[PDB]
Protein chains: 2
Amino acid sequence: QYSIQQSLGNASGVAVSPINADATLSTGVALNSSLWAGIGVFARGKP
Amino acid sequence: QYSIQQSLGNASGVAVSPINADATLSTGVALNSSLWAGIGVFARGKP
């Protein structure tokens with residue numbers, strides 16, 4: 001086929017604006033994962 | 001046929017004034033087109 005332009009100018013050709021979606025925005029956070037961190041002396045490991 | 005005159009005189013023939021339209025006037029400006037201009041040093045081009 002042929003390219004579909006966006007934000008058409010002053011005459012002639014037609015255009016399709018880029019897909020607009022904002023009410024669908026959401027944040028993905030686990031909020032249930034639990035992990036622990038610490039320091040210590042171990043026999044084998046990278047210092 | 002025959003010519004249609006405008007702004008008839010003092011007697012006889014009829015006339016039709018030129019088409020008058022002013023409330024239909026509008027200005028066509030894109031207001032969405034964005035273009036950039038600049039200067040630089042390029043390998044090939046007209047100086």
# chains A, B, ... in the order shown; residues from 1 in each chain; ligands from 1

$ interface_residues --of "chain A" --to "chain B" --cutoff "10 Å" --atoms "only C-alpha atoms" --output "PyMOL selection string"
chain A and resi 7-10

$ write_last_selection --atoms "N, CA and C atoms" --output "PDB file, in the first residue's frame"
ATOM      1  N   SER A   7      -1.462  14.454  11.029  1.00  0.00           N
ATOM      2  CA  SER A   7      -1.559  15.909  11.152  1.00  0.00           C
ATOM      3  C   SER A   7      -1.473  16.572   9.773  1.00  0.00           C
ATOM      4  N   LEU A   8      -2.499  16.291   8.970  1.00  0.00           N
ATOM      5  CA  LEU A   8      -2.539  16.751   7.587  1.00  0.00           C
ATOM      6  C   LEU A   8      -2.400  18.267   7.509  1.00  0.00           C
ATOM      7  N   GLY A   9      -2.024  18.746   6.327  1.00  0.00           N
ATOM      8  CA  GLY A   9      -1.723  20.149   6.135  1.00  0.00           C
ATOM      9  C   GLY A   9      -2.924  20.989   5.760  1.00  0.00           C
ATOM     10  N   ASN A  10      -2.858  21.650   4.606  1.00  0.00           N
ATOM     11  CA  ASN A  10      -3.869  22.629   4.230  1.00  0.00           C
ATOM     12  C   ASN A  10      -4.800  22.165   3.118  1.00  0.00           C
TER      13      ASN A  10
END

$ atom_distance --atom1 "atom CA of residue 1 of chain A" --atom2 "atom CA of residue 19 of chain A"
20.4 Å

$ residues_around --residues "residue 6 of chain B" --least-positions-apart "2" --cutoff "6 Å" --atoms "only C-alpha atoms" --output "list in words"
residues 8, 15, 16 and 17 of chain B

$ atom_distance --atom1 "atom CA of residue 46 of chain B" --atom2 "atom CA of residue 34 of chain B"
24.3 Å

$ atom_distance --atom1 "atom CA of residue 18 of chain A" --atom2 "atom CA of residue 4 of chain A"
10.5 Å

$ decode --residues "chain B" --atoms "C-alpha atoms" --output "short mmCIF file (atom, residue, chain, number, x, y, z; two decimals), in the first residue's frame"
data_model
loop_
_atom_site.label_atom_id
_atom_site.label_comp_id
_atom_site.auth_asym_id
_atom_site.auth_seq_id
_atom_site.Cartn_x
_atom_site.Cartn_y
_atom_site.Cartn_z
CA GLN B 1 -27.15 34.53 -25.20
CA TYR B 2 -26.12 38.10 -24.40
CA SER B 3 -23.97 39.93 -21.87
CA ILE B 4 -25.38 40.71 -18.42
CA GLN B 5 -24.46 44.23 -17.33
CA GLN B 6 -23.84 45.50 -13.80
CA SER B 7 -24.86 48.74 -12.06
CA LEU B 8 -27.56 49.72 -14.54
CA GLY B 9 -27.96 53.33 -15.59
CA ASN B 10 -31.04 55.54 -15.80
CA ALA B 11 -33.48 53.59 -18.01
CA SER B 12 -34.39 50.40 -19.86
CA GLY B 13 -32.03 47.49 -19.32
CA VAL B 14 -31.79 45.41 -16.18
CA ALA B 15 -28.55 44.50 -14.42
CA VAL B 16 -27.21 42.11 -11.77
CA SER B 17 -24.66 43.32 -9.24
CA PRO B 18 -21.49 41.28 -8.65
CA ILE B 19 -21.70 38.58 -6.00
CA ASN B 20 -21.23 40.11 -2.55
CA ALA B 21 -19.94 37.93 0.29
CA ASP B 22 -18.11 39.09 3.42
CA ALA B 23 -19.38 37.11 6.42
CA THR B 24 -17.88 34.02 4.78
CA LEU B 25 -14.31 35.34 4.99
CA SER B 26 -11.85 33.11 6.86
CA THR B 27 -8.08 32.73 7.19
CA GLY B 28 -6.38 29.42 6.47
CA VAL B 29 -3.42 28.81 8.78
CA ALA B 30 -2.12 25.35 9.64
CA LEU B 31 -1.08 26.25 13.22
CA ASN B 32 0.03 22.63 13.67
CA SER B 33 2.87 22.30 11.18
CA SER B 34 6.31 22.33 12.82
CA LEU B 35 9.53 22.86 10.87
CA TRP B 36 13.13 23.42 11.93
CA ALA B 37 15.89 25.56 10.43
CA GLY B 38 19.60 25.57 11.10
CA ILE B 39 23.15 26.00 9.86
CA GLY B 40 26.05 23.59 9.81
CA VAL B 41 29.03 22.10 8.01
CA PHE B 42 28.12 19.33 5.58
CA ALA B 43 30.15 17.21 3.17
CA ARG B 44 27.99 17.94 0.10
CA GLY B 45 25.73 20.91 -0.54
CA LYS B 46 25.38 24.29 -2.17
CA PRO B 47 27.21 26.85 0.00
#
